[PDB]
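Chemist: mmCIF, C-alpha atoms and all ligand atoms, file model_10.cif:
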```cif
data_work
#
loop_
_atom_site.group_PDB
_atom_site.id
_atom_site.type_symbol
_atom_site.label_atom_id
_atom_site.label_comp_id
_atom_site.auth_asym_id
_atom_site.auth_seq_id
_atom_site.Cartn_x
_atom_site.Cartn_y
_atom_site.Cartn_z
ATOM 1 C CA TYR A 1 -7.099 72.305 1.832
ATOM 2 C CA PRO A 2 -8.726 70.935 -1.308
ATOM 3 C CA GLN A 3 -11.515 73.381 -2.122
ATOM 4 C CA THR A 4 -13.790 71.033 -4.093
ATOM 5 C CA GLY A 5 -14.846 67.562 -5.074
ATOM 6 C CA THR A 6 -16.320 66.405 -8.370
ATOM 7 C CA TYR A 7 -19.527 64.502 -8.966
ATOM 8 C CA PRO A 8 -18.490 61.766 -11.418
ATOM 9 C CA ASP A 9 -21.975 61.365 -12.943
ATOM 10 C CA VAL A 10 -22.208 64.911 -14.355
ATOM 11 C CA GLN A 11 -18.618 66.158 -13.933
ATOM 12 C CA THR A 12 -19.464 69.348 -11.979
ATOM 13 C CA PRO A 13 -17.769 70.522 -8.741
ATOM 14 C CA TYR A 14 -19.133 70.770 -5.208
ATOM 15 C CA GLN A 15 -17.561 72.946 -2.525
ATOM 16 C CA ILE A 16 -16.177 71.455 0.684
ATOM 17 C CA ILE A 17 -15.682 73.229 4.013
ATOM 18 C CA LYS A 18 -14.510 72.769 7.604
ATOM 19 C CA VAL A 19 -16.423 70.363 9.803
ATOM 20 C CA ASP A 20 -17.425 71.754 13.164
ATOM 21 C CA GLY A 21 -15.435 70.136 15.979
ATOM 22 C CA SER A 22 -12.474 69.251 13.737
ATOM 23 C CA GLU A 23 -10.107 72.082 14.695
ATOM 24 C CA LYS A 24 -6.710 71.010 16.034
ATOM 25 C CA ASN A 25 -3.606 73.191 16.415
ATOM 26 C CA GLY A 26 -5.058 75.919 14.153
ATOM 27 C CA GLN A 27 -5.779 73.483 11.273
ATOM 28 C CA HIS A 28 -8.985 71.569 10.601
ATOM 29 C CA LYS A 29 -8.951 67.797 10.172
ATOM 30 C CA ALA A 30 -12.256 67.234 8.361
ATOM 31 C CA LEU A 31 -14.192 68.635 5.403
ATOM 32 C CA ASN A 32 -17.852 68.286 4.377
ATOM 33 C CA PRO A 33 -19.607 69.071 1.113
ATOM 34 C CA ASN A 34 -21.381 72.457 1.200
ATOM 35 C CA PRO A 35 -24.227 71.991 0.773
ATOM 36 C CA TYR A 36 -24.197 68.310 1.805
ATOM 37 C CA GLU A 37 -27.654 67.799 0.238
ATOM 38 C CA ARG A 38 -27.967 67.372 -3.537
ATOM 39 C CA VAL A 39 -31.215 67.760 -5.486
ATOM 40 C CA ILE A 40 -31.526 65.030 -8.085
ATOM 41 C CA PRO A 41 -34.314 64.327 -10.563
ATOM 42 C CA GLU A 42 -35.781 61.674 -8.263
ATOM 43 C CA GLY A 43 -35.600 63.717 -5.036
ATOM 44 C CA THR A 44 -32.800 64.589 -2.627
ATOM 45 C CA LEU A 45 -29.743 62.811 -1.409
ATOM 46 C CA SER A 46 -27.124 63.741 1.189
ATOM 47 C CA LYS A 47 -23.884 62.640 2.772
ATOM 48 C CA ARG A 48 -21.799 64.216 5.574
ATOM 49 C CA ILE A 49 -19.735 63.714 8.631
ATOM 50 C CA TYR A 50 -22.434 64.418 11.188
ATOM 51 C CA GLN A 51 -20.341 64.123 14.337
ATOM 52 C CA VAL A 52 -16.789 63.880 15.576
ATOM 53 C CA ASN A 53 -16.562 60.873 17.909
ATOM 54 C CA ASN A 54 -12.886 61.251 18.799
ATOM 55 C CA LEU A 55 -10.813 63.895 17.032
ATOM 56 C CA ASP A 56 -7.380 62.773 18.212
ATOM 57 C CA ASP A 57 -8.074 59.217 17.115
ATOM 58 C CA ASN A 58 -9.724 60.274 13.832
ATOM 59 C CA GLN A 59 -13.141 58.745 14.538
ATOM 60 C CA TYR A 60 -16.249 60.178 12.929
ATOM 61 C CA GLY A 61 -19.903 59.430 12.380
ATOM 62 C CA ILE A 62 -21.163 59.408 8.757
ATOM 63 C CA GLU A 63 -24.781 60.066 7.696
ATOM 64 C CA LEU A 64 -26.515 59.419 4.361
ATOM 65 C CA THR A 65 -30.064 60.420 3.490
ATOM 66 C CA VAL A 66 -32.382 59.885 0.550
ATOM 67 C CA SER A 67 -35.887 61.166 -0.185
ATOM 68 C CA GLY A 68 -38.108 60.629 -3.198
ATOM 69 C CA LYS A 69 -40.795 62.050 -5.433
ATOM 70 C CA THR A 70 -44.389 61.055 -6.163
ATOM 71 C CA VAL A 71 -45.424 60.931 -9.821
ATOM 72 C CA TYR A 72 -48.951 60.548 -11.208
ATOM 73 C CA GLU A 73 -49.291 58.882 -14.619
ATOM 74 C CA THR A 74 -51.699 55.742 -10.771
ATOM 75 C CA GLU A 75 -49.179 56.870 -8.140
ATOM 76 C CA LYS A 76 -45.578 55.898 -8.734
ATOM 77 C CA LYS A 77 -42.470 56.523 -6.702
ATOM 78 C CA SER A 78 -39.309 57.946 -8.210
ATOM 79 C CA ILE A 79 -37.273 55.640 -6.033
ATOM 80 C CA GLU A 80 -38.513 52.099 -6.583
ATOM 81 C CA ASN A 81 -36.511 49.204 -5.216
ATOM 82 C CA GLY A 82 -33.563 51.590 -5.222
ATOM 83 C CA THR A 83 -30.068 50.783 -3.959
ATOM 84 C CA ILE A 84 -27.314 52.714 -2.187
ATOM 85 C CA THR A 85 -23.749 51.534 -2.793
ATOM 86 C CA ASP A 86 -21.224 52.943 -0.284
ATOM 87 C CA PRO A 87 -17.604 51.683 -0.460
ATOM 88 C CA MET A 88 -15.324 52.709 2.362
ATOM 89 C CA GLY A 89 -12.543 54.981 1.123
ATOM 90 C CA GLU A 90 -8.962 53.828 0.912
ATOM 91 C CA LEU A 91 -7.547 53.812 4.474
ATOM 92 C CA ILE A 92 -11.033 54.214 6.003
ATOM 93 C CA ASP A 93 -12.014 51.478 8.482
ATOM 94 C CA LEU A 94 -15.687 50.894 9.177
ATOM 95 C CA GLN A 95 -16.346 50.316 12.879
ATOM 96 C CA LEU A 96 -17.510 46.735 13.321
ATOM 97 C CA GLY A 97 -18.566 44.275 16.030
ATOM 98 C CA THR A 98 -16.315 42.309 18.360
ATOM 99 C CA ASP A 99 -17.047 39.532 15.834
ATOM 100 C CA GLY A 100 -15.575 41.564 12.913
ATOM 101 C CA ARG A 101 -18.924 41.812 11.080
ATOM 102 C CA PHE A 102 -21.170 44.820 10.419
ATOM 103 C CA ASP A 103 -24.056 44.052 12.764
ATOM 104 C CA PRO A 104 -27.268 45.920 13.618
ATOM 105 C CA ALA A 105 -25.520 47.484 16.621
ATOM 106 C CA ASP A 106 -22.985 49.212 14.320
ATOM 107 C CA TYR A 107 -25.421 51.285 12.216
ATOM 108 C CA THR A 108 -28.854 52.904 12.276
ATOM 109 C CA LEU A 109 -31.379 52.853 9.451
ATOM 110 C CA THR A 110 -34.438 54.922 10.207
ATOM 111 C CA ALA A 111 -37.184 56.624 8.215
ATOM 112 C CA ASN A 112 -39.366 59.685 8.684
ATOM 113 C CA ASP A 113 -42.557 57.659 9.008
ATOM 114 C CA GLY A 114 -41.161 56.406 12.320
ATOM 115 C CA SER A 115 -39.996 53.047 10.946
ATOM 116 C CA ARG A 116 -36.568 51.565 11.505
ATOM 117 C CA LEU A 117 -34.497 48.407 11.353
ATOM 118 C CA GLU A 118 -34.190 46.750 14.742
ATOM 119 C CA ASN A 119 -31.760 43.875 14.743
ATOM 120 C CA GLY A 120 -32.325 43.595 10.967
ATOM 121 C CA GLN A 121 -36.134 43.545 11.189
ATOM 122 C CA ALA A 122 -38.271 46.447 9.941
ATOM 123 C CA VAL A 123 -40.552 47.776 12.671
ATOM 124 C CA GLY A 124 -42.847 50.706 13.170
ATOM 125 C CA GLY A 125 -44.491 53.027 10.689
ATOM 126 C CA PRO A 126 -48.105 54.151 10.922
ATOM 127 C CA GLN A 127 -49.298 50.536 10.344
ATOM 128 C CA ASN A 128 -46.605 48.991 12.552
ATOM 129 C CA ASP A 129 -45.621 46.769 9.660
ATOM 130 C CA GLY A 130 -42.118 48.144 9.028
ATOM 131 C CA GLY A 131 -43.442 51.085 6.994
ATOM 132 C CA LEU A 132 -41.005 52.643 4.531
ATOM 133 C CA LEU A 133 -38.325 50.126 5.490
ATOM 134 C CA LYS A 134 -40.482 46.943 5.089
ATOM 135 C CA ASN A 135 -38.230 45.639 2.313
ATOM 136 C CA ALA A 136 -34.958 47.325 3.163
ATOM 137 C CA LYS A 137 -31.736 45.545 4.003
ATOM 138 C CA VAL A 138 -28.266 46.733 4.982
ATOM 139 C CA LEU A 139 -25.467 44.519 3.611
ATOM 140 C CA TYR A 140 -21.693 44.498 4.075
ATOM 141 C CA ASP A 141 -18.856 42.437 2.663
ATOM 142 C CA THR A 142 -15.660 42.351 4.807
ATOM 143 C CA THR A 143 -13.414 41.807 1.796
ATOM 144 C CA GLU A 144 -14.800 44.503 -0.486
ATOM 145 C CA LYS A 145 -15.398 46.844 2.435
ATOM 146 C CA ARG A 146 -18.646 48.113 1.037
ATOM 147 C CA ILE A 147 -22.073 48.835 2.497
ATOM 148 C CA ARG A 148 -25.199 48.398 0.370
ATOM 149 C CA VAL A 149 -28.743 49.340 1.248
ATOM 150 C CA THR A 150 -31.357 47.627 -0.890
ATOM 151 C CA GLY A 151 -35.134 47.773 -1.016
ATOM 152 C CA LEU A 152 -35.813 51.546 -1.044
ATOM 153 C CA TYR A 153 -39.277 52.702 -2.094
ATOM 154 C CA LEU A 154 -39.746 56.458 -1.626
ATOM 155 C CA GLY A 155 -42.061 59.179 -2.894
ATOM 156 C CA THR A 156 -42.543 62.795 -1.854
ATOM 157 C CA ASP A 157 -41.525 63.546 1.751
ATOM 158 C CA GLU A 158 -40.590 59.935 2.302
ATOM 159 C CA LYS A 159 -37.056 59.951 3.642
ATOM 160 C CA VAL A 160 -34.545 57.398 4.923
ATOM 161 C CA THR A 161 -31.395 58.042 6.985
ATOM 162 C CA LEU A 162 -28.363 55.742 7.470
ATOM 163 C CA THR A 163 -25.629 56.327 10.084
ATOM 164 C CA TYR A 164 -22.411 54.463 10.918
ATOM 165 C CA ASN A 165 -18.912 55.197 12.312
ATOM 166 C CA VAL A 166 -15.455 55.144 10.698
ATOM 167 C CA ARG A 167 -11.818 55.615 11.687
ATOM 168 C CA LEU A 168 -8.757 56.714 9.710
ATOM 169 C CA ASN A 169 -6.329 53.789 9.363
ATOM 170 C CA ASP A 170 -2.959 54.115 11.112
ATOM 171 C CA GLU A 171 -1.067 53.935 7.783
ATOM 172 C CA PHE A 172 -2.228 57.452 6.834
ATOM 173 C CA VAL A 173 0.260 59.861 5.336
ATOM 174 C CA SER A 174 0.570 63.095 7.324
ATOM 175 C CA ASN A 175 -1.400 66.054 5.974
ATOM 176 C CA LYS A 176 -3.031 64.080 3.208
ATOM 177 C CA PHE A 177 -6.826 64.293 3.012
ATOM 178 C CA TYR A 178 -8.590 60.950 2.428
ATOM 179 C CA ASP A 179 -12.130 60.630 1.039
ATOM 180 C CA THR A 180 -14.256 58.860 3.649
ATOM 181 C CA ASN A 181 -15.940 56.863 0.875
ATOM 182 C CA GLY A 182 -15.265 55.500 -2.577
ATOM 183 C CA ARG A 183 -17.735 56.413 -5.285
ATOM 184 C CA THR A 184 -21.053 56.475 -3.438
ATOM 185 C CA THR A 185 -24.220 56.095 -5.501
ATOM 186 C CA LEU A 186 -27.981 55.774 -5.542
ATOM 187 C CA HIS A 187 -29.636 53.625 -8.254
ATOM 188 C CA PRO A 188 -33.129 54.984 -7.815
ATOM 189 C CA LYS A 189 -35.077 52.484 -9.969
ATOM 190 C CA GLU A 190 -34.671 48.742 -10.521
ATOM 191 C CA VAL A 191 -36.378 49.305 -13.902
ATOM 192 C CA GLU A 192 -33.584 51.720 -14.945
ATOM 193 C CA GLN A 193 -30.402 49.695 -14.493
ATOM 194 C CA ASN A 194 -28.067 52.397 -15.876
ATOM 195 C CA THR A 195 -29.394 55.447 -13.971
ATOM 196 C CA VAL A 196 -26.969 56.352 -11.238
ATOM 197 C CA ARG A 197 -26.690 59.415 -8.945
ATOM 198 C CA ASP A 198 -23.616 60.336 -6.918
ATOM 199 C CA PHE A 199 -23.525 61.367 -3.271
ATOM 200 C CA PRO A 200 -20.849 63.980 -2.388
ATOM 201 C CA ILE A 201 -17.882 62.783 -0.310
ATOM 202 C CA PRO A 202 -16.412 64.139 2.965
ATOM 203 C CA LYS A 203 -12.648 64.029 3.621
ATOM 204 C CA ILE A 204 -10.445 63.591 6.672
ATOM 205 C CA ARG A 205 -6.783 63.760 7.601
ATOM 206 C CA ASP A 206 -4.493 63.630 10.583
ATOM 207 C CA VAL A 207 -1.222 65.301 11.459
HETATM 208 NI NI NI A 301 -32.752 48.361 19.353
#
```
Can I see the file as structure tokens?
Ligand code: NI

Modeler:
Amino acid sequence: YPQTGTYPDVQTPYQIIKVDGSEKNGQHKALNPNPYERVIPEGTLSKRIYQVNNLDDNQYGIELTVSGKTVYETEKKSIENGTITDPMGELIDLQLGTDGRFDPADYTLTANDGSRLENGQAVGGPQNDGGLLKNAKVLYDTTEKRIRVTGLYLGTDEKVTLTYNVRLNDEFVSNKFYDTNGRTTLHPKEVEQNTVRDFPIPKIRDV
């Protein structure tokens, strides 16, 4: 087993460990960052395999979270029109519709104010106006194989969660671990175009 991954932004290691439910013939088939949450200057981010959907067929659910920070100068949010960029890893197939597109039915985007996207539309929140997700979108390109979430505005104890499912491609090499994602990042602030923060990356393999 690889013991670590490396955050590209700051070039420090994170530990990775066995995912519960991934044991098969005395070996484990999946690894998660430990811890899977990372404290960044703007708040907290996280990424993990959060469930095993079908171990033999190498299908897993993936979960990302982000939460922000309130600053007084005027209140301001540390995450302000922020963007998540989440490329699928090499040999990782995102689970898509019958139509071959990433549709509302293939992901969830929810927030801790009780808002969520429903068929692409933000609903709920304490004002029933879409709340924390009023301006959020989930985008996918089938060629680049990359999810983006735009429109994040988050202060203290304001948190958003994304889930989706993936499957290891049949062309896997035996015993090789594959990162579930390419470099996965949060750009917290539209006003700071060069500030980027890495999410840690889970890994999977088959025999
Ligand atoms: Ni629904």

Chemist: Given the file shown, determine the residues that the PyMOL selection byres (((chain A and resi 91) around 7) and not hetatm) selects; report them as JSON, numbers by chain.

Modeler: {"A": [89, 90, 92, 93, 168, 169, 172]}

Chemist: Could you list, with a cut-off of 10 Å and counting all atoms listed in the file, the residues of chain A near ligand NI 301 (chain A), each shown with its nearest atom pair and the distance in Å rounded to one decimal, rows sorted by chain and ascending number, as JSON lines?

Modeler:
```
{"residue": "A:104", "atom": "CA", "partner": "A:NI301", "partner_atom": "NI", "distance": 8.3}
{"residue": "A:105", "atom": "CA", "partner": "A:NI301", "partner_atom": "NI", "distance": 7.8}
{"residue": "A:108", "atom": "CA", "partner": "A:NI301", "partner_atom": "NI", "distance": 9.3}
{"residue": "A:116", "atom": "CA", "partner": "A:NI301", "partner_atom": "NI", "distance": 9.3}
{"residue": "A:117", "atom": "CA", "partner": "A:NI301", "partner_atom": "NI", "distance": 8.2}
{"residue": "A:118", "atom": "CA", "partner": "A:NI301", "partner_atom": "NI", "distance": 5.1}
{"residue": "A:119", "atom": "CA", "partner": "A:NI301", "partner_atom": "NI", "distance": 6.5}
{"residue": "A:120", "atom": "CA", "partner": "A:NI301", "partner_atom": "NI", "distance": 9.7}
```

Chemist: Hey, what comes out of the PyMOL selection byres (((chain A and resi 44-59) around 8) and not hetatm) on this file? Could you write it as a count of residues only?

Modeler: 32

Chemist: From the set A:191, A:113, A:98, A:86, which residue has the shortest atom-to-atom contact distance to residue 144 (chain A), counting only C-alpha atoms?

Modeler: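 Comparing A:191, A:113, A:98, A:86 against residue 144 (chain A), the winner is A:86.
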
Chemist: What's the separation between CA of residue 11 (chain A) and CA of residue 35 (chain A), in Å to one decimal place?

Modeler: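 These two atoms are separated by 16.8 Å.
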
Chemist: Name the closest residue to residue 133 (chain A) among the candidates A:31, A:111, A:147, A:162; distances are taken between atoms, counting all atoms listed in the file.

Modeler: A:111

Chemist: Using the partial input, fill out region 86-100 of chain A with N, CA, C and O atoms; write the result as a short mmCIF file (atom, residue, chain, number, x, y, z; two decimals), keeping the file's coordinate frame.

Modeler:
```cif
data_model
loop_
_atom_site.label_atom_id
_atom_site.label_comp_id
_atom_site.auth_asym_id
_atom_site.auth_seq_id
_atom_site.Cartn_x
_atom_site.Cartn_y
_atom_site.Cartn_z
N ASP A 86 -22.10 52.09 -1.08
CA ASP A 86 -21.22 52.94 -0.28
C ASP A 86 -19.94 52.19 0.11
O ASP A 86 -19.86 51.64 1.19
N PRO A 87 -18.94 52.18 -0.78
CA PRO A 87 -17.60 51.68 -0.46
C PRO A 87 -16.87 52.56 0.52
O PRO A 87 -16.90 53.80 0.40
N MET A 88 -16.23 51.94 1.51
CA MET A 88 -15.32 52.71 2.36
C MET A 88 -14.20 53.25 1.49
O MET A 88 -13.78 52.61 0.53
N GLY A 89 -13.71 54.44 1.82
CA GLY A 89 -12.54 54.98 1.12
C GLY A 89 -11.29 54.21 1.45
O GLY A 89 -11.24 53.45 2.43
N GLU A 90 -10.27 54.39 0.62
CA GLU A 90 -8.96 53.83 0.91
C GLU A 90 -8.51 54.36 2.28
O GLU A 90 -8.68 55.56 2.59
N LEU A 91 -8.00 53.47 3.12
CA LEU A 91 -7.55 53.81 4.47
C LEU A 91 -8.65 54.25 5.43
O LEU A 91 -8.37 54.86 6.47
N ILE A 92 -9.90 53.93 5.11
CA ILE A 92 -11.03 54.21 6.00
C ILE A 92 -11.58 52.90 6.53
O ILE A 92 -12.05 52.08 5.77
N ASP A 93 -11.52 52.70 7.85
CA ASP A 93 -12.01 51.48 8.48
C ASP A 93 -13.40 51.68 9.11
O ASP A 93 -13.61 52.52 10.00
N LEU A 94 -14.34 50.90 8.63
CA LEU A 94 -15.69 50.89 9.18
C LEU A 94 -15.63 50.31 10.59
O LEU A 94 -14.91 49.33 10.82
N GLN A 95 -16.37 50.87 11.53
CA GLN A 95 -16.35 50.32 12.88
C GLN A 95 -17.30 49.15 12.97
O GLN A 95 -18.48 49.29 12.67
N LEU A 96 -16.77 48.00 13.39
CA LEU A 96 -17.51 46.74 13.32
C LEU A 96 -17.69 46.11 14.70
O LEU A 96 -17.19 46.63 15.67
N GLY A 97 -18.40 44.99 14.78
CA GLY A 97 -18.57 44.28 16.03
C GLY A 97 -17.26 43.73 16.60
O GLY A 97 -16.21 43.74 15.95
N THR A 98 -17.35 43.21 17.82
CA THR A 98 -16.32 42.31 18.36
C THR A 98 -16.08 41.11 17.44
O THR A 98 -14.98 40.64 17.32
N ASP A 99 -17.13 40.67 16.75
CA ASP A 99 -17.05 39.53 15.83
C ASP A 99 -16.47 39.88 14.44
O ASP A 99 -16.40 39.02 13.57
N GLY A 100 -16.12 41.14 14.22
CA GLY A 100 -15.58 41.56 12.91
C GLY A 100 -16.57 41.63 11.77
O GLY A 100 -16.18 41.75 10.63
#
```
